[PDB]
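**Student:**
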Amino acid sequence: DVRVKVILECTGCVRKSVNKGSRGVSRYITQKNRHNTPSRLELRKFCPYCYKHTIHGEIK
Amino acid sequence: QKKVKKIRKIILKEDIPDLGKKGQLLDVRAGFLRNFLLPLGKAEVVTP
RNA sequence: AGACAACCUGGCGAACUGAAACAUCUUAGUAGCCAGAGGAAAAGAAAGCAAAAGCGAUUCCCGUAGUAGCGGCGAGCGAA
RNA sequence: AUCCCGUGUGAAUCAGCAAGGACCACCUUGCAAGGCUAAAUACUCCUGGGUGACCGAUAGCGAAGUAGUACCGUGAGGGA
RNA sequence: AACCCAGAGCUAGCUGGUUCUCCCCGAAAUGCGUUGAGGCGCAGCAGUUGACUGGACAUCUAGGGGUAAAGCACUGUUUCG
RNA sequence: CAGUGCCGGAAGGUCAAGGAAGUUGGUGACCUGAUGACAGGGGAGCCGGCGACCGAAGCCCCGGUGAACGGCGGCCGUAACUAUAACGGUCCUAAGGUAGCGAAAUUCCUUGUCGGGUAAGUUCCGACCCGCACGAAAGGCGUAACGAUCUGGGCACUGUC
RNA sequence: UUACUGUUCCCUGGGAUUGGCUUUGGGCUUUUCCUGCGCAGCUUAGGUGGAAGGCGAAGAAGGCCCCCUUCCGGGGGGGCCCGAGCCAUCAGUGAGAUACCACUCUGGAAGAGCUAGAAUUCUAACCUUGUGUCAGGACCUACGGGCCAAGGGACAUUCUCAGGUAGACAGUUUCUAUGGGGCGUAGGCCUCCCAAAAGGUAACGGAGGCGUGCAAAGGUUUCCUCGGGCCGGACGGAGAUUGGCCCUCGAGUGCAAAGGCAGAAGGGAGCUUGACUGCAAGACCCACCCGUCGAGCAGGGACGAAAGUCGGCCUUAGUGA
Ligand SMILES: [Mg+2]
Ligand SMILES: [Mg+2]
Ligand SMILES: [Mg+2]
Ligand SMILES: [Mg+2]
Ligand SMILES: [Mg+2]
Ligand SMILES: [Mg+2]
Ligand SMILES: [Mg+2]
Ligand SMILES: [Mg+2]
Ligand SMILES: [Mg+2]
Ligand SMILES: [Mg+2]
Ligand SMILES: [Mg+2]
Ligand SMILES: [Mg+2]
Ligand SMILES: [Mg+2]
Ligand SMILES: [Mg+2]
Ligand SMILES: [Mg+2]
Ligand SMILES: [Mg+2]
Ligand SMILES: [Mg+2]
Ligand SMILES: [Mg+2]
Ligand SMILES: [Mg+2]
Ligand SMILES: [Mg+2]
Ligand SMILES: [Mg+2]
Ligand SMILES: [Mg+2]
Ligand SMILES: [Mg+2]
Ligand SMILES: [Mg+2]
Ligand SMILES: [Mg+2]
Ligand SMILES: [Mg+2]
Ligand SMILES: [Mg+2]
Ligand SMILES: [Mg+2]
Ligand SMILES: [Mg+2]
Ligand SMILES: [Mg+2]
Ligand SMILES: [Mg+2]
Ligand SMILES: [Mg+2]
Ligand SMILES: [Mg+2]
Ligand SMILES: [Mg+2]
Ligand SMILES: [Mg+2]
Ligand SMILES: [Mg+2]
Ligand SMILES: [Mg+2]
Ligand SMILES: [Mg+2]
Ligand SMILES: [Mg+2]
Ligand SMILES: [Mg+2]
Ligand SMILES: [Mg+2]
Ligand SMILES: [Mg+2]
Ligand SMILES: [Mg+2]
Ligand SMILES: [Mg+2]
Ligand SMILES: [Mg+2]
Ligand SMILES: [Mg+2]
Ligand SMILES: [Mg+2]
Ligand SMILES: [Mg+2]
Ligand SMILES: [Mg+2]
Ligand SMILES: [Mg+2]
Ligand SMILES: [Mg+2]
Ligand SMILES: [Mg+2]
Ligand SMILES: [Mg+2]
Ligand SMILES: [Mg+2]
Ligand SMILES: [Mg+2]
Ligand SMILES: [Mg+2]
Ligand SMILES: [Mg+2]
Ligand SMILES: [Mg+2]
Ligand SMILES: [Mg+2]
Ligand SMILES: [Mg+2]
Ligand SMILES: [Mg+2]
Ligand SMILES: [Mg+2]
Ligand SMILES: [Mg+2]
Ligand SMILES: [Mg+2]
Ligand SMILES: [Mg+2]
Ligand SMILES: [Mg+2]
Ligand SMILES: [Mg+2]
Ligand SMILES: [Mg+2]
Ligand SMILES: [Mg+2]
Ligand SMILES: [Mg+2]
Ligand SMILES: [Mg+2]
Ligand SMILES: [Mg+2]
Ligand SMILES: [Mg+2]
Ligand SMILES: [Mg+2]
Ligand SMILES: [Mg+2]
Ligand SMILES: [Mg+2]
Ligand SMILES: [Mg+2]
Ligand SMILES: [Mg+2]
Ligand SMILES: [Mg+2]
Ligand SMILES: [Mg+2]
Ligand SMILES: [Mg+2]
Ligand SMILES: [Mg+2]
Ligand SMILES: [Mg+2]
Ligand SMILES: [Mg+2]
Ligand SMILES: [Mg+2]
Ligand SMILES: [Mg+2]
Ligand SMILES: [Mg+2]
Ligand SMILES: [Mg+2]
Ligand SMILES: [Mg+2]
Ligand SMILES: [Mg+2]
Ligand SMILES: [Zn+2]
Numbered sequence: 012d013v014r015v016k017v018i019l020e021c022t023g024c025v026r027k028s029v030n031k032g033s034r035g036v037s038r039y040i041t042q043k044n045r046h047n048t049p050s051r052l053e054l055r056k057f058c059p060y061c062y063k064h065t066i067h068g069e070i071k
Numbered sequence: 303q304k305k306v307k308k309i310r311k312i313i314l315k316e317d318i319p320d321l322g323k324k325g326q327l328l329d330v331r332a333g334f335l336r337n338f339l340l341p342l343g344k345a346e347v348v349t350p
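Chains as they are written, first to last, in our numbering: chain A, 12 to 71; chain B, 303 to 350.
(1) In three-state DSSP terms, what is B/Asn337?
(2) In terms of DSSP beta bridges, what is A/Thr65 paired with?
(3) In whole angstroms, give me the CA-to-CA distance for A/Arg55 and A/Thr65.
(4) Can you find the residues in the same chain that come closer than 8 Å, C-beta to C-beta, to B/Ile312, ignoring five residues on each side of it along the sequence?
(5) Please state whether the Cβ-Cβ distance between A/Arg38 and A/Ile18 is less than 7 Å.
(6) Spatial neighbours of A/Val15 within its chain, please: C-beta separation below 8 Å, excluding the five flanking residues on both sides.
(7) What residues in its chain sit with their C-beta under 7 Å from that of A/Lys63, if we drop five residues either side in the sequence?
(8) Could you give the DSSP three-state label for B/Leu342: helix, strand or coil?
(9) How many angstroms separate the CA atom of A/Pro59 from the CA atom of A/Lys71?
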């Protein structure tokens, strides 16, 4: 309503089916208050595929 | 489904209005052919 | 032409019931009715199975198997 | 998918057509839109033999004697 | 919402009934869920059968607690000064 | 004449099957890639999804129609003495119960109050209106005749007592 | 019955039965013609190509007028008059000459074409009548048969598909506890009491809440102390900001209540994303299904000088097999 399920997604993940050991597109999920903060949330979070802490943006 | 205009190819044995002279080749709707021309001897349906 | 116990083939074709209610589903293409023919009827001589190896019209029994599946993926149904 | 029907459209002939569980390619298998055919299987109003850890008159068939009788019911039917 | 026959021995978590003897052991009427409440599922508590066990009845010590009593240190309440 | 029904209307919105421009996917004769046990593009054909636009009635929309379904209110304040309210204010509706009747087969409180009939009347008759909750074709109010009708009283008559 | 799901009567569209001629007309076309104010300018620069050749007596420039479009700047164009010119790299301009020519786009026109839609007819399908007329051994003013005629007519009917639509009809559903009536209320979770000092525990017993919220109200490093009295101080007052003494946990903690928590779990500041991936010994709670706590290990990080802390939130509600 004013509080929402938002999907965080790795920016450096290539959906094309990569050639490395573990292929897949990291997404986390979390909640945001779409009124308070209209800024698309950016968060550094761990990616099981890239193995490094990457940056996860949002999805529409 | 979709209505498909039925086409009968015929030869006229007598002269009739809008159609033409005797001994003439044409293409017609099935209704016109079997309900009007054919009972009166006027046309002949052709498949050689 | 009519008669004819059950069996059989075709035609119409339920409901109680089960699902702890009920509507899809189940009961069941059962009962019942109608018509038909026989000592049996029906089916039947691959426009079929199968799988890279092969079979060689139909029917019936054992098995595969309560398996694969179907299913308000419920009650249940259920092959080859 | 295969199979079979209402309404409407509507092909191809072996250089084809169909099937292999949407569909396409390849390969395998088969030849729809004409018919007919015995046996193995189902049944008991019955017929002839046989057996019975079946009954013995409240049993066994409803019925060991006028038994579908007497009687009851307008009738279908019930029924000793 | 006729009657007779048939499906039909319909269905009845309901009521009634359920037949010889002796021996041993022997409950429950609680909790949870339920279109459930007079039904049922599991648990609790029978019987019989195995496998491990060493307890029970007493005796003393140790733990934590916030009841009875008590109190006004807090929270209320209350009388008069 | 708001709600509902029914009838009439045709401008706009909505509107199925079905058509249908057009895109889109699978396959694939082939074309290239590639230190992995393969992969990426693709003509014609065949097959599949999507589909702008066209697409009636109906509905939304506009009008009529109560002997069609039905409905017909509150709150205040005011007059030579107490009083009452013809008259005003306000509220809310589609509109606020007119004529006639009224303690009624309708009246709760209630055996209302008054009058009559009785020595004495919760019934009966007439009237008041404060109609819990009358009312106009689910008809309203009258009414001569009629009734094995319901209900009150009287003369005659009697073992009803 | 304005409960649910449907069926039927009935209405309306496609298809079929089902045809001919004519119109009118919505959307596409087949030749072919109309039509374009970036600015530098001969001036309302159509993109792309052939591109030094074209347009003329099958009769142009130039003025006299008719028409239509219109941003009244000007453009296409009919008649007449006129009689030897309008022209190209000529320099501008991303793009070239109104010298010409090909597929075409912005919208318009016209005769020609597809499909409806619509209206109008026509007659042969189809429908409807007939004491009209034939007909067998004899009738059929006995139904009907053949022929003829009359009225309708591609409508209607019938079939199929689709939308609408009648409790007319069919099958069914309509909880539990209220006070074992209506009626509204209650049904899950959390805190307190009842609850008898482990845990658990009923009543239509007594009190209340929840169906979320925070990108910081999370993580971390580091610093701080609230409230209440009394006193001073311009407005300023009981109460705002400031100074000071006394009491010491009485404030706060997103929101109920309970239990916690003072150099703090309360207030502030700096940097962040651990509101991680992979897990997990063992415990608690337990009919089952769920539910809760978690040392420890690896990866890749945040903060911090480092030790270390960090798998959301002081805890317990904020949920659904
Ligand atoms: Mg056709
Ligand atoms: Mg016979
Ligand atoms: Mg017979
Ligand atoms: Mg026979
Ligand atoms: Mg049933
Ligand atoms: Mg039933
Ligand atoms: Mg049942
Ligand atoms: Mg049941
Ligand atoms: Mg035989
Ligand atoms: Mg045979
Ligand atoms: Mg053979
Ligand atoms: Mg053969
Ligand atoms: Mg086949
Ligand atoms: Mg097969
Ligand atoms: Mg069939
Ligand atoms: Mg067909
Ligand atoms: Mg052929
Ligand atoms: Mg096929
Ligand atoms: Mg084959
Ligand atoms: Mg053949
Ligand atoms: Mg076939
Ligand atoms: Mg054959
Ligand atoms: Mg045969
Ligand atoms: Mg005897
Ligand atoms: Mg006997
Ligand atoms: Mg005896
Ligand atoms: Mg009955
Ligand atoms: Mg039985
Ligand atoms: Mg049965
Ligand atoms: Mg029952
Ligand atoms: Mg004992
Ligand atoms: Mg006890
Ligand atoms: Mg019960
Ligand atoms: Mg039990
Ligand atoms: Mg035991
Ligand atoms: Mg102690
Ligand atoms: Mg102690
Ligand atoms: Mg203490
Ligand atoms: Mg005490
Ligand atoms: Mg005391
Ligand atoms: Mg005290
Ligand atoms: Mg005190
Ligand atoms: Mg109205
Ligand atoms: Mg109206
Ligand atoms: Mg109106
Ligand atoms: Mg209307
Ligand atoms: Mg419409
Ligand atoms: Mg469509
Ligand atoms: Mg197309
Ligand atoms: Mg493709
Ligand atoms: Mg390939
Ligand atoms: Mg491909
Ligand atoms: Mg439309
Ligand atoms: Mg009226
Ligand atoms: Mg009275
Ligand atoms: Mg009274
Ligand atoms: Mg009186
Ligand atoms: Mg009396
Ligand atoms: Mg009176
Ligand atoms: Mg009244
Ligand atoms: Mg009234
Ligand atoms: Mg009345
Ligand atoms: Mg009256
Ligand atoms: Mg009325
Ligand atoms: Mg009356
Ligand atoms: Mg009268
Ligand atoms: Mg009478
Ligand atoms: Mg139709
Ligand atoms: Mg038609
Ligand atoms: Mg005619
Ligand atoms: Mg006649
Ligand atoms: Mg006749
Ligand atoms: Mg006419
Ligand atoms: Mg028609
Ligand atoms: Mg329909
Ligand atoms: Mg009903
Ligand atoms: Mg309905
Ligand atoms: Mg306590
Ligand atoms: Mg205790
Ligand atoms: Mg306790
Ligand atoms: Mg309780
Ligand atoms: Mg912080
Ligand atoms: Mg609080
Ligand atoms: Mg507290
Ligand atoms: Mg802090
Ligand atoms: Mg840890
Ligand atoms: Mg460690
Ligand atoms: Mg680590
Ligand atoms: Mg560092
Ligand atoms: Mg915190
Ligand atoms: Zn990634």
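For each residue, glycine too, the CB sits at the ideal point set by N, CA and C.
**Tutor:** Concretely, from the data shown:
(1) helix
(2) A/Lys56
(3) 6 Å
(4) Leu327, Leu328, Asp329, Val330, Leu335, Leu339, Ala345, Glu346, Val347, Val348
(5) yes
(6) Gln42, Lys43, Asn44, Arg45
(7) none
(8) helix
(9) 23 Å
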